[PDB]
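Participant: Structure provided below as structure tokens; questions to follow.
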Amino acid sequence: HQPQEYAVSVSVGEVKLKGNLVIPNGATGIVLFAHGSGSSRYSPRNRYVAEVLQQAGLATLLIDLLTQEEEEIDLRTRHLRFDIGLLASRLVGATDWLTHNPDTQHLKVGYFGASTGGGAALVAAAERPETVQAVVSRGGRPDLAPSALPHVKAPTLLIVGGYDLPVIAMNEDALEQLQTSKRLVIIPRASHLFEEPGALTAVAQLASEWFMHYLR
């Protein structure tokens, strides 16, 4: 009936990353989520969005980009949570795992990157141009990954909140650096984490439309 949630261990070289995999019947696309700094696969924001994508018939993989051990150390040092190179490599690793797993090998991979995850998603997408078919960045700072931007081949949707004025101009700047099919959309009167009534729902709705079109 309703799709099942699987607790998976995603191997990326020497590390194992915890994941929550859901694959509705008949799914053709899968959305890999890059959580924001200090967050996890349990993010209520990403879980809400994931449930919306699942309902539209998209598979989802909510993953911890850091190991459990790393999360405990980083909680005090913060020496890993803003390391965009590392986070992108972890996302590339999770992409390869999806590619080589018989349960998901047939699925078209897309990325949903939240806050700092957005930049990490774009850096990873530039590293897997034939594999990653779409990217959505929710309130990110893509402009801070300028070497990756013009190499991204995955159709990219940048979403920002209208009250998050600094991040808007930076997404506008990033949009110009992208050379692929692209769009920037603004959710009016929404702040950084889209906490205002209806904001997060709009993010999910926009992301669903995008992934459904591009992960065919």
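Letters A, B, ... mark the chains of the structure tokens in the order given; residue numbers begin at 1 per chain; ligand numbers begin at 1, in order shown.
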Quick one: residues within 8 Å of stretch 189-193 of chain A, only C-alpha atoms, excluding same-chain residues fewer than 4 positions away - as a VMD selection string?
Facilitator: chain A and resid 115 139 160 to 164 199
Participant: Select from stretch 112-207 of chain A everything DSSP, run on the backbone, classes as strand (DSSP E), then give the selection as a PyMOL selection string.
Facilitator: chain A and resi 112-114+132-138+156-161+182-187
Participant: Which one of A:98, A:65, A:145, A:114 sits closest to residue A:203 if you count only C-alpha atoms?
Facilitator: A:114
Participant: Excluding residue A:67 and any residue of its chain fewer than 2 positions from it, enumerate the residues within 7 Å of it, using only C-alpha atoms, and give them as a list in words.
Facilitator: residues 15, 16, 17, 64, 65, 69, 70 and 71 of chain A
Participant: Between atom CA of residue A:207 and atom CA of residue A:83, what is the spacing in Å?
Facilitator: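 Going from atom CA of residue A:83 over to atom CA of residue A:207 covers 25.3 Å.
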Participant: Would you list the contacts of stretch 38-53 of chain A as a list in words, taking every protein, DNA or RNA residue within 8 Å and counting only C-alpha atoms, but skipping same-chain residues closer than 2 positions in sequence?
Facilitator: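 My reading of the contact set: residues 18, 19, 20, 33, 35, 36, 55, 56, 57, 58, 59, 60, 62, 63, 64, 65, 75, 81, 114, 200, 201, 203, 204, 205, 207 and 208 of chain A.
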Participant: Identify which of the residues A:146, A:138, A:121, A:151 lies closest to residue A:86, counting only C-alpha atoms when measuring atom-to-atom distances.
Facilitator: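 For residue A:86, the nearest of the candidates is A:121.
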Participant: Could you pull out the alpha helix (DSSP H) residues of stretch 45-182 of chain A from DSSP and send them as a count of residues only?
Facilitator: 64
Participant: Tell me, in Å to one decimal, how far atom CA of residue A:10 is from atom CA of residue A:124.
Facilitator: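 Going from atom CA of residue A:10 over to atom CA of residue A:124, I get 16.4 Å.
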Participant: Using only C-alpha atoms, can you tell me which of A:119, A:129, A:140, A:102 comes closest to residue A:152?
Facilitator: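 With only C-alpha atoms as the atom set, the closest residue is A:129.
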Participant: Could you tell me which of A:169, A:3, A:131, A:176 comes closest to residue A:105 if we count only C-alpha atoms?
Facilitator: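 Residue with the minimum atom-to-atom distance to residue A:105: A:131.
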Participant: Quick one: residues within 9 Å of residue A:156, only C-alpha atoms, excluding same-chain residues fewer than 2 positions away - as a compact mmCIF listing (two decimals) with N, CA, C and O atoms, in the first residue's frame?
Facilitator:
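Result saved to out-v8.txt:
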# COMPACT_ATOMS: atom_id res chain seq x y z
N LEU A 122 25.37 21.35 -5.93
CA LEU A 122 25.85 21.83 -7.21
C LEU A 122 27.26 21.37 -7.47
O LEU A 122 27.59 21.06 -8.61
N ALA A 134 18.81 16.47 -12.28
CA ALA A 134 18.13 17.66 -11.77
C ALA A 134 18.63 18.05 -10.40
O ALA A 134 19.07 17.21 -9.62
N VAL A 135 18.59 19.34 -10.12
CA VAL A 135 18.99 19.86 -8.82
C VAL A 135 18.03 20.97 -8.40
O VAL A 135 17.64 21.78 -9.22
N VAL A 136 17.64 20.96 -7.14
CA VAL A 136 16.83 22.03 -6.55
C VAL A 136 17.65 22.50 -5.32
O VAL A 136 18.09 21.68 -4.51
N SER A 137 17.86 23.80 -5.21
CA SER A 137 18.58 24.39 -4.10
C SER A 137 17.60 25.24 -3.30
O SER A 137 17.00 26.15 -3.87
N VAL A 152 27.88 22.55 -14.22
CA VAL A 152 26.65 21.83 -13.87
C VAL A 152 25.84 21.63 -15.15
O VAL A 152 25.60 22.59 -15.91
N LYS A 153 25.49 20.37 -15.41
CA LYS A 153 24.70 19.99 -16.59
C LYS A 153 23.25 19.66 -16.23
O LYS A 153 22.40 19.58 -17.10
N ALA A 154 23.00 19.44 -14.94
CA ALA A 154 21.68 19.09 -14.43
C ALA A 154 20.78 20.31 -14.35
O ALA A 154 21.18 21.33 -13.76
N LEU A 158 16.69 27.16 -8.40
CA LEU A 158 17.09 27.86 -7.19
C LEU A 158 15.80 28.46 -6.54
O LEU A 158 15.03 29.17 -7.18
N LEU A 175 22.70 32.17 -10.84
CA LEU A 175 21.86 31.82 -11.97
C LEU A 175 22.50 32.21 -13.28
O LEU A 175 22.36 31.50 -14.26
N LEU A 178 25.25 29.65 -14.23
CA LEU A 178 24.75 28.38 -14.74
C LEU A 178 24.59 28.49 -16.26
O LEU A 178 24.20 29.54 -16.78
N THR A 180 23.10 25.68 -17.94
CA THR A 180 22.12 24.65 -18.24
C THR A 180 20.72 25.25 -18.13
O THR A 180 20.58 26.44 -17.85
N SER A 181 19.69 24.43 -18.36
CA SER A 181 18.30 24.87 -18.17
C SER A 181 18.22 25.25 -16.70
O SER A 181 18.71 24.52 -15.82
N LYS A 182 17.58 26.38 -16.42
CA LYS A 182 17.65 26.89 -15.06
C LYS A 182 16.50 27.83 -14.73
O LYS A 182 15.88 28.39 -15.65
N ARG A 183 16.26 28.02 -13.43
CA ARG A 183 15.24 28.97 -12.96
C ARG A 183 15.48 29.35 -11.53
O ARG A 183 15.95 28.54 -10.74
N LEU A 184 15.16 30.62 -11.23
CA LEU A 184 15.17 31.14 -9.87
C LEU A 184 13.74 31.56 -9.59
O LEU A 184 13.13 32.31 -10.37
N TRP A 210 9.40 20.18 -10.53
CA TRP A 210 10.70 20.14 -11.18
C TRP A 210 11.22 18.73 -11.36
O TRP A 210 11.64 18.35 -12.48
Participant: Between A:80, A:132, A:185, A:165, single out the one closest to residue A:110, counting only C-alpha atoms.
Facilitator: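 Closest residue, counting only C-alpha atoms: A:132.
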Participant: Just checking: using only C-alpha atoms, which residue out of A:198, A:150, A:155, A:26 ends up closest to residue A:179?
Facilitator: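 Going through A:198, A:150, A:155, A:26 one by one, the smallest distance to residue A:179 is for A:150.
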Participant: Set the distance at 7 Å and use only C-alpha atoms: which residues neighbour residue A:142 once local chain neighbours fewer than 4 positions away are removed? I'd like the list as an mmCIF file with N, CA and C atoms, in the first residue's frame.
Facilitator:
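Now in selection-v7.cif:
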data_model
loop_
_atom_site.group_PDB
_atom_site.id
_atom_site.type_symbol
_atom_site.label_atom_id
_atom_site.label_comp_id
_atom_site.auth_asym_id
_atom_site.auth_seq_id
_atom_site.Cartn_x
_atom_site.Cartn_y
_atom_site.Cartn_z
ATOM 1 N N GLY A 118 22.720 23.112 -0.650
ATOM 2 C CA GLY A 118 22.551 23.614 -2.021
ATOM 3 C C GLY A 118 23.870 23.697 -2.768
ATOM 4 N N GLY A 119 24.828 24.417 -2.202
ATOM 5 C CA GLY A 119 26.144 24.522 -2.797
ATOM 6 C C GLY A 119 26.808 23.162 -2.968
ATOM 7 N N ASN A 171 21.768 34.250 -5.246
ATOM 8 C CA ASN A 171 21.178 33.246 -6.134
ATOM 9 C C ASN A 171 21.036 33.837 -7.559
ATOM 10 N N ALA A 174 24.407 33.559 -9.049
ATOM 11 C CA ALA A 174 24.668 32.153 -9.404
ATOM 12 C C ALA A 174 23.943 31.697 -10.677
#
